[PDB]
Amino acid sequence: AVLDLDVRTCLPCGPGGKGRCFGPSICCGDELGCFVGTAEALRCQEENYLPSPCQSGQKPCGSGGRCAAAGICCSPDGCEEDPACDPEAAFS
C-alpha cells in the first residue's frame, strides 16, 4: 500500500514488530496472526498518542474488508480468518 504521509510504517505489534495496528484496539500480524485488544495487540496502546495515519497492510478482499494477519481480512468492526489469504485458506 502506498505510503500514507511523511511518517509511515505504523506502530508494529506482536513480537518486535511483526504485526501492527489496523483499526479499533486491534492488531493483525500477517506473518503474526491477529489479536483484538489481546496481549500481542496492546502494541496499539502507543497509537493513542500518535493518530498519524501510517502505512498499513490492508490488501482488499471479498471477505468484507482487506487482508491483514495470517490470512485475515479485517473490517471496521473486527478481523476474521480469510480463506483468501492463509488460514481458512489453502495450505498457506
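All chain A residue numbers match Swiss-Prot; in order, they span 32-123.
Note: Cβ is positioned from N, Cα and C throughout, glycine not excepted.
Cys52 is paired in Swiss-Prot with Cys75, the candidate among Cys75, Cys85, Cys92, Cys98 named as its disulfide partner. Of the listed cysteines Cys85, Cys110, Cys116, Swiss-Prot assigns the disulfide bond with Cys98 to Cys116. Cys58 is paired in Swiss-Prot with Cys44, the candidate among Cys44, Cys65 named as its disulfide partner.
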